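Colleague: Below is the structure I would like to discuss, written out as structure tokens.
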Amino acid sequence: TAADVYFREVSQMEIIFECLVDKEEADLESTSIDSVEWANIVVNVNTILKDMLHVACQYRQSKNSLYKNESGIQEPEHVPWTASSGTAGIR
Amino acid sequence: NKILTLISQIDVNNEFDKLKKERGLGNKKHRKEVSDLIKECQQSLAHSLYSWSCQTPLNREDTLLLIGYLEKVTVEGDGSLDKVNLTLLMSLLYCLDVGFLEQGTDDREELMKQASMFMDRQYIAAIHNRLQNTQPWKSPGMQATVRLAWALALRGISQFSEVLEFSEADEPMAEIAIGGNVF
């Protein structure tokens with residue numbers, strides 16, 4: 001429906017594509033072992049929220065500071081620094 | 001430097017042009033004993049490099065020297081690396097060998113710090129440039145094969161950390177290798 005304003009605020013499209021995995025989950029009928037396709041869609045969202053957190057991490061390995069994570073700069077990038085995104089722990 | 005040079009040159013030259021000419025080696029026995037001792041010496045020297053490569057990885061200058069030697073190699077026209085040449089070759093294989101990167105041992109980081117072919121961007125560029133040259137070796141197949149092994153290495157290095165620029169160069173290299181019918 002749009003994206004330029006949901007990029008400045010993409011953080012909101014993760015707390016809601018979870019509430020839409022839960023209302024999809026209410027209709028997953030995945031209480032018994034027989035349900036499966038519906039436990040495959042809960043994993044497809046888990047993969048995307050995950051590789052989205054992988055991307056925030058590797059873009060914090062591509063630093064520019066010659067003191068903050070010297071690797072990836074003028075120093076060897078064969079050893080990355082702390083694989084944290086330096087996120088501040090949003091509530 | 002010294003090691004290889006010595007072994008090879010000495011052995012071959014001397015024998016072929018002094019002992020295969022003058023035959024100081026005399027008895028069908030003495031000639032053989034002398035020949036065996038010379039061949040043993042060549043083999044022991046080649047093994048020394050091999051035994052080393054199996055342990056120590058090779059530095060930038062020593063690896064380039066080994067590549068420089070292998071560029072001139074004749075596999076005997078007979079079509080078989082003699083006990084010596086085969087060994088030199090497997091030695092180089094182990095030098096290049098990156099198989100230790102696939103063994104899930106808790107010592108991966110320590111072993112990575114010890115492998116000279118690990119922390120020098122210039123190492124990969126130099127070898128890649130040499131193997132990409134259409135100056136093949138004395139033996140186009142040589143250029144084709146090492147190229148392919150370096151390429152499988154490049155292929156994995158994406159997984160380790162994030163080294164995936166050279167992944168592209170693997171398909172053309174593999175094609176060149178296959179075109180040299182490395183098989």
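Letters A, B, ... mark the chains of the structure tokens in the order given; residue numbers begin at 1 per chain; ligand numbers begin at 1, in order shown.
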Quick one: contact table of chain A to chain B, 8 Å max, nearest atom pair and distance in Å to one decimal per residue, counting only C-alpha atoms, chain and number order, as CSV?
Modeller:
residue,atom,partner,partner_atom,distance
A:76,CA,B:119,CA,7.6
A:78,CA,B:161,CA,6.9
A:79,CA,B:161,CA,7.1
A:80,CA,B:161,CA,7.1
Colleague: Quick one: residues within 9 Å of residue 152 (chain B), only C-alpha atoms, excluding same-chain residues fewer than 4 positions away - as a list in words?
Modeller: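 My list of contacting residues is residues 147, 148, 156, 157, 167, 170 and 174 of chain B.
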Colleague: Can you list, as an mmCIF file with C-alpha atoms, in the first residue's frame, every protein, DNA or RNA residue that comes within 9 Å of region 16-26 of chain A when you count only C-alpha atoms, leaving out same-chain residues fewer than 6 positions away?
Modeller:
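Result file is selection13.cif:
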data_model
loop_
_atom_site.group_PDB
_atom_site.id
_atom_site.type_symbol
_atom_site.label_atom_id
_atom_site.label_comp_id
_atom_site.auth_asym_id
_atom_site.auth_seq_id
_atom_site.Cartn_x
_atom_site.Cartn_y
_atom_site.Cartn_z
ATOM 1 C CA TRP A 38 -0.075 -24.060 8.634
ATOM 2 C CA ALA A 39 3.133 -24.774 10.645
ATOM 3 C CA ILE A 41 3.625 -20.438 7.184
ATOM 4 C CA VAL A 42 4.603 -19.638 10.800
ATOM 5 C CA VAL A 45 7.586 -15.363 8.737
#
Colleague: Tell me which protein, DNA and RNA residues are within 9 Å of region 60-72 of chain A, counting only C-alpha atoms, leaving out same-chain ones fewer than 2 positions away, and put them as a VMD selection string.
Modeller: chain A and resid 55 to 58 74 to 86
Colleague: Grab the CA of residue 58 (chain B) to CA of residue 116 (chain B) distance for me, in Å with one decimal place.
Modeller: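 Going from CA of residue 58 (chain B) over to CA of residue 116 (chain B), I get 6.1 Å.
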Colleague: Give me the residues near residue 56 (chain B) as a list in words, where near means some atom within 10 Å (using only C-alpha atoms) and where sequence neighbours in that chain fewer than 6 positions away do not count.
Modeller: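 Near residue 56 (chain B), the qualifying residues are residues 49, 50, 94, 95, 114, 115 and 116 of chain B.
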Colleague: Only N, CA and C atoms, please: the residues just picked out, written as a PDB file, in the first residue's frame.
Modeller:
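Writing the result to result-v8.pdb gives the following:
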ATOM      1  N   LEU B  49      59.761 -31.424   1.459  1.00  0.00           N
ATOM      2  CA  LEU B  49      58.860 -30.316   1.164  1.00  0.00           C
ATOM      3  C   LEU B  49      57.408 -30.721   1.379  1.00  0.00           C
ATOM      4  N   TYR B  50      57.151 -31.965   0.954  1.00  0.00           N
ATOM      5  CA  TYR B  50      55.815 -32.520   1.144  1.00  0.00           C
ATOM      6  C   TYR B  50      55.463 -32.603   2.623  1.00  0.00           C
ATOM      7  N   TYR B  94      48.367 -30.233  -0.808  1.00  0.00           N
ATOM      8  CA  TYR B  94      48.186 -30.012   0.625  1.00  0.00           C
ATOM      9  C   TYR B  94      48.441 -28.573   1.022  1.00  0.00           C
ATOM     10  N   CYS B  95      49.386 -27.921   0.363  1.00  0.00           N
ATOM     11  CA  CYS B  95      49.619 -26.510   0.616  1.00  0.00           C
ATOM     12  C   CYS B  95      48.336 -25.790   0.376  1.00  0.00           C
ATOM     13  N   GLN B 114      46.735 -19.833  11.908  1.00  0.00           N
ATOM     14  CA  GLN B 114      48.005 -20.502  11.643  1.00  0.00           C
ATOM     15  C   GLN B 114      48.191 -20.759  10.150  1.00  0.00           C
ATOM     16  N   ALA B 115      47.105 -20.683   9.347  1.00  0.00           N
ATOM     17  CA  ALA B 115      47.206 -20.992   7.923  1.00  0.00           C
ATOM     18  C   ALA B 115      47.573 -19.750   7.116  1.00  0.00           C
ATOM     19  N   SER B 116      48.880 -19.514   6.748  1.00  0.00           N
ATOM     20  CA  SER B 116      49.474 -18.430   5.973  1.00  0.00           C
ATOM     21  C   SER B 116      48.584 -18.039   4.798  1.00  0.00           C
TER      22      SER B 116
END
Colleague: Any idea what the distance is between CA of residue 168 (chain B) and CA of residue 50 (chain A)?
Modeller: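 For CA of residue 168 (chain B) relative to CA of residue 50 (chain A), the distance reads 26.3 Å.
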Colleague: I'd like the contact shell of region 79-83 of chain B - 8 Å cut-off, only C-alpha atoms, skipping same-chain residues fewer than 4 positions apart - returned as JSON, numbers by chain.
Modeller: {"B": [43, 75, 87]}
Colleague: Do you know which residues are at most 10 Å from residue 137 (chain B) counting only C-alpha atoms, after dropping those on the same chain fewer than 3 positions away, and could you put them as a PyMOL selection string?
Modeller: chain B and resi 67-74+130-131+133-134+140-144
Colleague: Based on the selection just made, write N, CA and C atoms of those residues as a PDB file, in the first residue's frame.
Modeller:
ATOM      1  N   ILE B  67      54.871 -22.450  -7.062  1.00  0.00           N
ATOM      2  CA  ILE B  67      54.072 -22.260  -8.268  1.00  0.00           C
ATOM      3  C   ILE B  67      54.992 -22.039  -9.467  1.00  0.00           C
ATOM      4  N   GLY B  68      56.059 -21.247  -9.236  1.00  0.00           N
ATOM      5  CA  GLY B  68      57.036 -21.005 -10.287  1.00  0.00           C
ATOM      6  C   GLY B  68      57.681 -22.278 -10.804  1.00  0.00           C
ATOM      7  N   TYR B  69      57.929 -23.244  -9.916  1.00  0.00           N
ATOM      8  CA  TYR B  69      58.524 -24.524 -10.285  1.00  0.00           C
ATOM      9  C   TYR B  69      57.531 -25.384 -11.058  1.00  0.00           C
ATOM     10  N   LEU B  70      56.289 -25.432 -10.589  1.00  0.00           N
ATOM     11  CA  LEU B  70      55.261 -26.287 -11.169  1.00  0.00           C
ATOM     12  C   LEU B  70      54.859 -25.792 -12.555  1.00  0.00           C
ATOM     13  N   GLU B  71      55.137 -24.469 -12.873  1.00  0.00           N
ATOM     14  CA  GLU B  71      54.853 -23.868 -14.173  1.00  0.00           C
ATOM     15  C   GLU B  71      55.729 -24.474 -15.264  1.00  0.00           C
ATOM     16  N   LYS B  72      56.864 -25.017 -14.899  1.00  0.00           N
ATOM     17  CA  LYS B  72      57.871 -25.502 -15.839  1.00  0.00           C
ATOM     18  C   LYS B  72      57.799 -27.020 -15.989  1.00  0.00           C
ATOM     19  N   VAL B  73      57.047 -27.642 -15.084  1.00  0.00           N
ATOM     20  CA  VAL B  73      56.982 -29.097 -15.035  1.00  0.00           C
ATOM     21  C   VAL B  73      56.542 -29.776 -16.306  1.00  0.00           C
ATOM     22  N   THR B  74      57.366 -30.732 -16.703  1.00  0.00           N
ATOM     23  CA  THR B  74      56.951 -31.859 -17.502  1.00  0.00           C
ATOM     24  C   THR B  74      56.670 -33.057 -16.626  1.00  0.00           C
ATOM     25  N   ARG B 130      47.684 -15.386 -11.392  1.00  0.00           N
ATOM     26  CA  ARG B 130      48.620 -16.321 -12.010  1.00  0.00           C
ATOM     27  C   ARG B 130      47.880 -17.457 -12.706  1.00  0.00           C
ATOM     28  N   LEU B 131      46.806 -17.896 -12.074  1.00  0.00           N
ATOM     29  CA  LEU B 131      46.064 -19.033 -12.604  1.00  0.00           C
ATOM     30  C   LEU B 131      45.113 -18.593 -13.711  1.00  0.00           C
ATOM     31  N   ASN B 133      46.020 -16.353 -15.861  1.00  0.00           N
ATOM     32  CA  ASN B 133      46.884 -16.111 -17.010  1.00  0.00           C
ATOM     33  C   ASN B 133      46.748 -17.213 -18.055  1.00  0.00           C
ATOM     34  N   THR B 134      46.767 -16.790 -19.308  1.00  0.00           N
ATOM     35  CA  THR B 134      46.722 -17.742 -20.385  1.00  0.00           C
ATOM     36  C   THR B 134      48.146 -17.946 -20.829  1.00  0.00           C
ATOM     37  N   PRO B 140      49.182 -27.119 -19.868  1.00  0.00           N
ATOM     38  CA  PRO B 140      48.053 -26.217 -19.675  1.00  0.00           C
ATOM     39  C   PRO B 140      47.210 -26.764 -18.562  1.00  0.00           C
ATOM     40  N   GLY B 141      47.097 -28.083 -18.499  1.00  0.00           N
ATOM     41  CA  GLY B 141      46.367 -28.707 -17.425  1.00  0.00           C
ATOM     42  C   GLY B 141      46.786 -28.175 -16.075  1.00  0.00           C
ATOM     43  N   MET B 142      48.032 -27.703 -15.922  1.00  0.00           N
ATOM     44  CA  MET B 142      48.389 -27.278 -14.571  1.00  0.00           C
ATOM     45  C   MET B 142      47.638 -26.008 -14.184  1.00  0.00           C
ATOM     46  N   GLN B 143      47.596 -25.104 -15.130  1.00  0.00           N
ATOM     47  CA  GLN B 143      46.851 -23.865 -14.933  1.00  0.00           C
ATOM     48  C   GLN B 143      45.375 -24.144 -14.673  1.00  0.00           C
ATOM     49  N   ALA B 144      44.852 -25.039 -15.436  1.00  0.00           N
ATOM     50  CA  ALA B 144      43.446 -25.420 -15.316  1.00  0.00           C
ATOM     51  C   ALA B 144      43.160 -26.042 -13.952  1.00  0.00           C
TER      52      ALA B 144
END
